[PDB]
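Using PDB author numbering, the first residue of the sequence shown is number 1, and each one after it goes up by one.
Just so it is clear, CB atoms sit at the ideal spot from N, CA and C, and this is done for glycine as well.
For reference, the structure is listed below as structure tokens.
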Amino acid sequence: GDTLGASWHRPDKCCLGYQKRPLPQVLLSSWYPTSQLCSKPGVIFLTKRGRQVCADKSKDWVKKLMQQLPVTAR
């Protein structure tokens, strides 16, 4: 069902929750850590064009990514 359940403050979006499919690193450019102010903080990546990704920095495959990719910022 769904009904109302009005309790939050009208949320919106923040990330893909966490990458579900496997993602390489030689195909993306860099990444950048997010804040826990959203519904699920963690580490998001950035391809070499204009696409961003969001995965649990604690993801083995991701850790490797964060190691070769620069933590974008500023």
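Contact under 7 Å by Cβ, residue i with residue j
i     : j     : result
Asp60 : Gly42 : no
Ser29 : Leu46 : yes
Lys48 : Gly17 : no
Status (buried if at least 16 other CB within 10 Å, exposed otherwise) for residue i
i          : result
residue 75 : Here the chain comprises residues numbered 1 to 74, so residue 75 is not present and cannot be evaluated.
Sequence-distant residues of its chain with Cβ nearer than 6 Å to residue i (five each side left out)
i     : result
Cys38 : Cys14
Close beta carbons around residue i, own chain, < 7 Å, minus the five adjacent residues each side
i     : result
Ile44 : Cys15, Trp31, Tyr32, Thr34, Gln52, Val53, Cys54
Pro22 : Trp61
In DSSP terms, what residue i is bridged to
i     : result
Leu46 : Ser30, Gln52
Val71 : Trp31
Selected residue, minimal CA-CA separation from residue i, among the options
i     : options                    : result
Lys64 : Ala73, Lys40, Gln36, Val26 : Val26
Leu69 : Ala6, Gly1, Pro24          : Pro24
8 Å Cβ shell around residue i - same chain, five flanking residues per side excluded
i     : result
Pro11 : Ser39
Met66 : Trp31, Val43, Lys57
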